[PDB]
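Colleague: Turn this into a model:
(chains A, B, C, D, E and F, ligands or ions: 1)
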Amino acid sequence: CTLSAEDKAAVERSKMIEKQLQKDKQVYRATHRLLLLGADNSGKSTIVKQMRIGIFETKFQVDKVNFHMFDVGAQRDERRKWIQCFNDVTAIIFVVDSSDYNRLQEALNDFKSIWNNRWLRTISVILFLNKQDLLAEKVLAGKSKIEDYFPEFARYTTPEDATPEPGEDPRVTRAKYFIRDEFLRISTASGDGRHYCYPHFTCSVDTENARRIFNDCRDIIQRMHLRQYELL
Amino acid sequence: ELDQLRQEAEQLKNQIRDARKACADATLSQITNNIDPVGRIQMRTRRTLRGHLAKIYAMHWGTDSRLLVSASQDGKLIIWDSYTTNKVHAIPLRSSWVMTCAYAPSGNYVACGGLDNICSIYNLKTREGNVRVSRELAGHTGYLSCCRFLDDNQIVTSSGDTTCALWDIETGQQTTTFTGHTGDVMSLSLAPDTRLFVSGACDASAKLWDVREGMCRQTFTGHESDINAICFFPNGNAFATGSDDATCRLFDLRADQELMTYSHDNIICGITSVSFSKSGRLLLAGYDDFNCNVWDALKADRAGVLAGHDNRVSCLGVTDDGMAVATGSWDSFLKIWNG
Amino acid sequence: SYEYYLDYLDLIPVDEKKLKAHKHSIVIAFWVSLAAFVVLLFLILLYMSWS
Amino acid sequence: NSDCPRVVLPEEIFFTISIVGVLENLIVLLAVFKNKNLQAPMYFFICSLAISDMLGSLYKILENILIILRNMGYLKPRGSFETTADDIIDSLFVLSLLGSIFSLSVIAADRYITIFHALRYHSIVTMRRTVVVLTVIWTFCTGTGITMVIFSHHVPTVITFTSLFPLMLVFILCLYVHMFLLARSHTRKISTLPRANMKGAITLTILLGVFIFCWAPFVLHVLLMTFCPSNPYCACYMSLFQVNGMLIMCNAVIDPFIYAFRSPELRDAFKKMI
Amino acid sequence: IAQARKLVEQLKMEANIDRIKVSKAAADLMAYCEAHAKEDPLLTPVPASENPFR
Amino acid sequence: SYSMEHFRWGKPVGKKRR
Ligand SMILES: [Ca+2]
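Modeller: Numbers count the residues shown, from 1 in each chain, chains lettered A, B, ... in the order given. Coordinates below:
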């Protein structure tokens, strides 16, 4: 009530900055935040480049819904103690160099660390198995045999639920789905229904990566809320 | 020559530990037995600084002991007038993910940094308002874990890359680089006299450095997992270590040993922030279990507990005059406590 | 005396002996119907989830 | 001395149910506004439901107090000193019931928007729209409570109040069953086995059965009183009016257990309250 | 090589410091605490009027 | 409206003239 001119100006500035904070709150609540984790080989750069249409942030709107995307390049190899801050991102986008056979086990270990993290226990992971064209090229020709790195591929058939893209021979489908289920095994092993993994085969040039992200985010939020309502 | 070098390193390590044992005469525990307790010291939230849209990750009181700064992971750096709760400012940061923030002792500048490896100095008194970035101190190769001002022209930063550095604001370059840590350095505390500063890191060690001389004087160990937080005793003779494994420990510089280990059986959470009250008898300690504990710095007993946050408390700024304890939290709220 | 006195009428003195069906026909019928509706919702939802 | 005496329940049952409802919805409300973390629109709709339940139980407490006042004679047996009081208190009752029904409906609508408009939910259901829709619904609730308590015993009033039950029930069904079908669709992709889910069917069954068992008896009683006071069977149903009221009151007690506490955050808020 | 050299020098410089007995350090810390045992607002709360938050 | 009853719509309304 009884305020000095200085006090009046102070509370007036408080109200103005509160208004700006409210505008920022609507911006923030309606924008979905994604972490684009991945190894150096994994084409994180290609993914961000295609969807241009320290921490690196890329904005992209799909069907009039905002999406952050924070690449975490230029950081130490270890991820702990900065992954703790991404505990509130809607989804994590894990890109893996499916073509590079040798480091695939390192990618699996990385996915195990991210999945089985004390934090991130309520965050879904989108496995963009990037550069499937290169994997196709390498698996057609010899000189690169899965068994030399993952012996289990000899004893692996194509899942009955596989939906190969037309124009691809059976063996490329075999290899790609082998990698997919190699990730999913460590994904489904300790899901606990709190967070799920959404495998996707993708390439660098693919323009549908943003659409895949949009659909996956829809599914993630829907499943989370249905679990909250106990409908699922 | 690795064999001989490692043999020498082990020999000097044995020497230092033996010397520490030699100066390990009657521990602080028995000496503090003569000290009377502080009772069930308590304090109630006198203010609740709301306005942040996300997790609060760092705060710092200005020397006024009135204005404070806090950084939220949206990218908002709100400058709060603790007395009246008015928000003096809120800077839109270029990087949403801030992990630290500092207030210049003069109150003229406020610094912040995060997963972007850049310390952004924001000048508060310029152009008759419209606080705008003063200088982007880039050059670090990792996430800035803590920032602290020495004077209006000098700032010292700790980064995920195992290094701390001193930057001259105007010249915008690392006047000194404090390499030597084996892991990510998480927090650093300047001594009351700005000649020294102590930084704890993920390598399960704390290290004291001379700002002018530019090399490590002493290193300390004994805390198990990690150091999320580090603070100097108001005198500059000892510093308390807030560890990521259930223990807060107080180390003294000149004696150079673990003077005490504050911990209790029930608590399993890791310490996120640590600070002393003036006279240092009260070692406020923030925990992951959405609570802040009060530890008698000397008798090493839990003299109190603060509980008003729904989530992890990240920052535990104590006023320069010692008349308030501020507690940020991931719950987006910043509560000021006073007896 | 009174006239055109609108008031809460009392319950008619129903006598069970005259009644053909059980006095509580409406109560039993309605509650059986409600239990059946609940069970039908449960079973139809289960079948839709299964199919 | 008819074969269906008007069943009179002990005042103890009314008092106990009303007190339990008041206390429970009070802790539900306190969990909000003492935990600024719990400030999303969904929890405000749950708070509206809790306020409706609290108003209903409070109505009961006041009605029992006024009845035990008329009895024992502190109030005149008839006149404006009792009839207008009955009008106002029963208005509180009717607006509580309508607020409860519309609160359930808006909870269903918010859940439907969260599921079927997930990515754009916070743009659709904002705090501004939360407040405006809550204010509109409660204003409608109080206005038609006044209308239906002063213009109560007319046939169209009974028709409209009756019809608000089945129409809102079919609305709630059209929403929850669609959400259940979407959950089925997700279950198809989550695992290979058919795995007909139980917690979804059990959840919808619990919600709708609490809604129906706690409203259908009262609605049936009102309908039979309005269109058929003369049939003996009817009259035997009307003899159970106080039991049907107890049922339309168990909703207040059993509403929080099915809408408020099933949220883990609200459980945590109550735990810190303790 | 160079890293091992630097580690050796760092260990040497750390060792070279003139350590003091723990008893003296604890005595100094206790004396400082006593010297402000009633000047710390949080250790001993001030009257509500003098509290700058009131 | 014509008496305190524990709820509303408890009994019908007719012409109880006497
Ligand atoms: Ca009544």
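Colleague: out of everything not next to it in sequence, what's closest to residue 42?
Modeller: Answering for chain A, as no chain was given. residue A:95 (4.1 Å; C-beta to C-beta, 6 or more residues apart in numbering or on different chains). Every C-beta, even on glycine, is put in place using the N, C-alpha and C of the backbone.
Colleague: that's the wrong chain, I wanted chain C
Modeller: The shortest distance from residue C:42 to any non-neighbouring residue, by C-beta to C-beta, 6+ apart, is to residue D:205 (4.5 Å).
Colleague: What of residue D:245?
Modeller: residue F:7 (4.8 Å).
Colleague: if I pick residue D:59, what's in contact with it?
Modeller: D:89, D:90, D:92, D:93, D:96 (C-beta atoms under 8 Å, 6 or more residues apart in numbering or on different chains).
Colleague: Okay, buried residues for stretch D:68-81 please.
Modeller: D:70, D:75 (16 or more other C-beta atoms under 10 Å in any protein chain shown).
Colleague: Residue 5: how many residues sit nearby?
Modeller: Picked chain A for this. 7 (other C-beta atoms under 10 Å in any protein chain shown).
Colleague: switch to chain F, that's the one I care about
Modeller: 18.
Colleague: Could I get the contacting residues of it?
Modeller: C:8, D:86, F:11.
Colleague: Return a selection command, for use in ChimeraX, containing the buried ones of these.
Modeller: This is the ChimeraX syntax for the buried subset of those, where burial follows 16+ other C-beta under 10 Å:
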select /D:86 /F:11
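Colleague: which one of the contacts of residue F:5 is nearest residue B:79?
Modeller: Distances from residue B:79 to those, taken as C-beta to C-beta, are shortest for residue D:86 (58.7 Å).
Colleague: distance of the residue lying closest to that closest one once chain neighbours are set aside from residue D:76?
Modeller: Leaving out its chain neighbours, the residue that sits closest to residue D:86 by C-beta to C-beta, 6+ apart is residue F:4, at 4.9 Å. In this view, residue F:4 and residue D:76 are 12 Å apart by C-beta to C-beta, to the nearest Å.
Colleague: Just to check, residue B:181 is in contact with residue B:198?
Modeller: No. If you go by C-beta atoms under 8 Å, residue B:181 and residue B:198 don't touch, sitting 12.0 Å apart.
Colleague: one step back: burial count for the residue nearest to residue C:42?
Modeller: 18.
Colleague: Repeat that for residue D:132.
Modeller: 11.
Colleague: Can you classify it as helix, strand or coil?
Modeller: helix (DSSP: H, G, I helix; E, B strand; the rest coil).
Colleague: where's it relative to residue D:116, distance?
Modeller: 22 Å.
Colleague: Output the contacting helices and strands for the helix or strand encompassing the residue nearest to residue A:42.
Modeller: Using DSSP states H and E, residue A:95 sits within strand A:91-97. Applying 3 or more C-beta pairs under 8 Å, 6 or more residues apart in numbering or on different chains; DSSP states H and E, one finds that strand A:91-97 contacts strand A:34-38, helix A:44-50, helix A:104-115, strand A:124-130, helix A:209-229.
Colleague: wait, what's in contact with the closest residue to residue B:264 other than its chain neighbours?
Modeller: What sits nearest to residue B:264 in space, not counting adjacent residues and going by C-beta to C-beta, 6+ apart, is residue B:302, at 6.3 Å. Neighbouring residues of residue B:302 by C-beta under 8 Å, 6+ apart: B:264, B:293, B:294, B:295, B:296.
Colleague: Would you mind confirming that residue B:306 is in contact with residue B:289?
Modeller: No. Counting by C-beta under 8 Å, residue B:306 sits too far from residue B:289 to count as a contact (11.8 Å).
Colleague: which residues in the stretch 1-150 of chain D form helices?
Modeller: Along the stretch 1-150 of chain D, the stretches classed as helices by DSSP state H, counting those that start in this stretch are D:11-31, D:41-70, D:80-116, D:121-124, D:127-150.
Colleague: Any chance of these in CSV with distance to the ion as columns?
Modeller: Output for the helices of the stretch 1-150 of chain D, formatted as CSV (distance: least, C-beta to the ion, whole Å):
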stretch, distance to the ion
helix D:11-31, 12
helix D:41-70, 6
helix D:80-116, 4
helix D:121-124, 40
helix D:127-150, 9
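Colleague: tally of neighbours for residue A:139?
Modeller: 23.
Colleague: still on that earlier bit, so between residue B:306 and residue B:289, which is more surrounded?
Modeller: residue B:306 (23 against 18).
Colleague: so what's the more buried one up against?
Modeller: Residue B:306 neighbours (C-beta under 8 Å, 6+ apart): B:43, B:284, B:291, B:292, B:293, B:294, B:325, B:327, B:337.
Colleague: Check residue A:197 too.
Modeller: Residues near residue A:197 by C-beta under 8 Å, 6+ apart: A:115, A:124, A:125, A:126, A:127, A:183, A:184, A:187, A:188, A:191.
Colleague: What of residue C:46?
Modeller: By C-beta under 8 Å, 6+ apart, the neighbours of residue C:46 are D:196, D:198, D:201.
Colleague: could you dump those residues to JSON lines with neighbour count and secondary structure?
Modeller: As requested, the contacts of residue C:46 are exported to JSON lines (neighbours: other C-beta atoms under 10 Å in any protein chain shown; DSSP: H, G, I helix; E, B strand; the rest coil):
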{"residue": "D:196", "neighbour count": "16", "secondary structure": "coil"}
{"residue": "D:198", "neighbour count": "12", "secondary structure": "coil"}
{"residue": "D:201", "neighbour count": "23", "secondary structure": "helix"}
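Colleague: ok, which of the residues you listed also contact chain F?
Modeller: Counting by C-beta under 8 Å from any C-beta of the partner chain, the subset of those that neighbours chain F is empty.
Colleague: and the stretch 51-200 of chain B, which residues reach chain A?
Modeller: So the stretch 51-200 of chain B meets chain A at B:51, B:53-55, B:57, B:73-74, B:76, B:78, B:81, B:84-90, B:92, B:95-97, B:99, B:114-118, B:141-143, B:160-161, B:184, B:186 (C-beta under 8 Å from any C-beta).
Colleague: Any of those buried? List them.
Modeller: The buried subset of those - by 16+ other C-beta under 10 Å - is B:51, B:53-55, B:57, B:73-74, B:76, B:78, B:81, B:86-90, B:95-97, B:99, B:114-118, B:142-143, B:160-161, B:184, B:186.
Colleague: In strands, which of the residues of the stretch 51-200 of chain B next to chain A fall?
Modeller: When these are checked against strands (DSSP state E), the matches are B:57, B:76, B:78, B:81, B:87-90, B:92, B:99, B:114, B:118, B:186.
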